[PDB]
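Right, one structure below, let's go through it.
What follows is calculated from the coordinates using simple rules that are stated; it is not laboratory data. Reconstructed Cβ throughout: ideal geometry from the backbone, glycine too, with neighbour counts over all protein chains shown.
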Amino acid sequence: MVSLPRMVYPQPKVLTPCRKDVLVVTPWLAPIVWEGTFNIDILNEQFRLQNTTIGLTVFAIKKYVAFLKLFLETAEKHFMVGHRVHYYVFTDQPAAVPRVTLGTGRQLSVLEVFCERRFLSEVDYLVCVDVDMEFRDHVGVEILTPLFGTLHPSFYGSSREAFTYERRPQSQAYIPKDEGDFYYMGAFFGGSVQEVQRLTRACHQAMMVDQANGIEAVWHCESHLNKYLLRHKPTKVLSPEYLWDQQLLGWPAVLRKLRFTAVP
């Protein structure tokens, strides 16, 4: 880890919190990433000195190929600008992937529907998102950490009893009513390649056990993600700035930026 250069920025003040309206750290001491909690210049310096490469993975199957153009074009505008990016587009229609113009240090691979050794050699972090989305504001290195989840936009204010966890004890994704930190959305999670592979290997195994026992979790991948993240605490949590639906939920005051959003 190389030394940071001289930098001039406003002093952080110990007796003036940036955000008083929201929880900015979890009880396991992981940052909850909200606008106003980070200086992106410091963070960009730290990650550029490491020459960080971010992999962004999306699945675009059947009619979802129609979402790739806006997704990638807006990712070009807002996602990890200044850093190395490798897009991994998983699709059943290689020829329907749009030819999107990419900035320097950025590349796209189309994988037709195996990648574990490849990810380890090519990227430092993996970000796993849904394709029926667009970037509308900065999504940068502030999110990067060994393991992260994102607060589901419908449940960030809800008590744990109301979370739509799998509640049947016969599923591997089972979480009782007296357990749970947050409801994480399956549409945005990530971390180091090693942690994301651990997570997905655990999730896949848990899903196969359910399948053998003739049971399917209420919210599928997201139910298993929530169980993993309960038992393996994420090292950062992203606020609902990072996964929003403005048609469904508007623009409440607690959100200073809408960064990544659902497309109608």
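Comparison of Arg167, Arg259 shows that the only residue that is farther than 13 Å from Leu151 by Cα and within 19 Å of the chain's Cα centre (by Cα) is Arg259.
Residues of the range 199-241 that are β-branched (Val, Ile, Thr) and under 18 Å from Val127 (Cβ atoms): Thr200, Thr235, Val237. Entry remark, the range 129-152: residues being assigned to a loop (DSSP other than H, G, I, E, B) and closer than 23 Å to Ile42 by Cα number 7 in total.
Scanning the range 132-164 for residues that are of a type in the set (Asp, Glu) and closer than 27 Å to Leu70 by Cβ yields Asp132, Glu134, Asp137, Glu142. Looking across the range 39-56, the residues that are touching a strand residue (DSSP E or B) at 6+ places or on another chain (Cβ under 8 Å) and surrounded by 15 or more Cβ atoms within 10 Å (Cβ to Cβ) come down to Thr52, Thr53, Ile54, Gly55, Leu56. Looking only at residues in the range 203-251 that are touching a strand residue (DSSP E or B) at 6+ places or on another chain (Cβ under 9 Å), surrounded by fewer than 15 Cβ atoms within 10 Å (Cβ to Cβ) and polar (S, T, N, Q), the one that is nearest to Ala75 (Cα to Cα) is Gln246. Within the range 203-254, can you find the residues that are of a type in the set (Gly, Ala, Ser), in contact with a helix residue (DSSP H, G or I) (Cβ under 8 Å, 6 or more places away or on another chain) and farther than 30 Å from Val22 by Cβ? Across the range 203-254, the qualifying residue is only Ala206.
For the range 148-181, the set of residues classified as crowded, with 22+ Cβ neighbours inside 10 Å and more than 21 Å from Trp251 (Cβ to Cβ) consists of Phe148, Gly149, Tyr165, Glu166, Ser171, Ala173, listed by residue number. Residues of the range 57-95 that are surrounded by 13 or more Cβ atoms within 10 Å (Cβ to Cβ) and of a type in the set (A, V, I, L, M): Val58, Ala60, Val65, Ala66, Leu68, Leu70, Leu72, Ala75, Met80, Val81, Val85, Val89. Each residue in the range 70-104 was checked for being in contact with a strand residue (DSSP E or B) (Cβ under 7 Å, 6 or more places away or on another chain), basic (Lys, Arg) and assigned to a loop (DSSP other than H, G, I, E, B), and 0 pass. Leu111 meets the conditions (1) aliphatic (A, V, I, L, M); (2) over 20 Å from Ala187 (Cα atoms); (3) surrounded by fewer than 15 Cβ atoms within 10 Å (Cβ to Cβ) in every case but one. The failed one is (2). Can you name the number of the only condition in (1) more than 24 Å from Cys115 (Cα to Cα); (2) out of contact with any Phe, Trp or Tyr (no Cβ under 7 Å at 6 or more places or on another chain); (3) not acidic (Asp, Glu) that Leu238 fails? Failed condition: (2). Looking at the range 165-264, the helices (runs of 4 or more DSSP H) lying wholly inside it that each contain 1 or more residues that are of a type in the set (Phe, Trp, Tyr) and more than 22 Å from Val24 (Cβ to Cβ) sit at 221-231.
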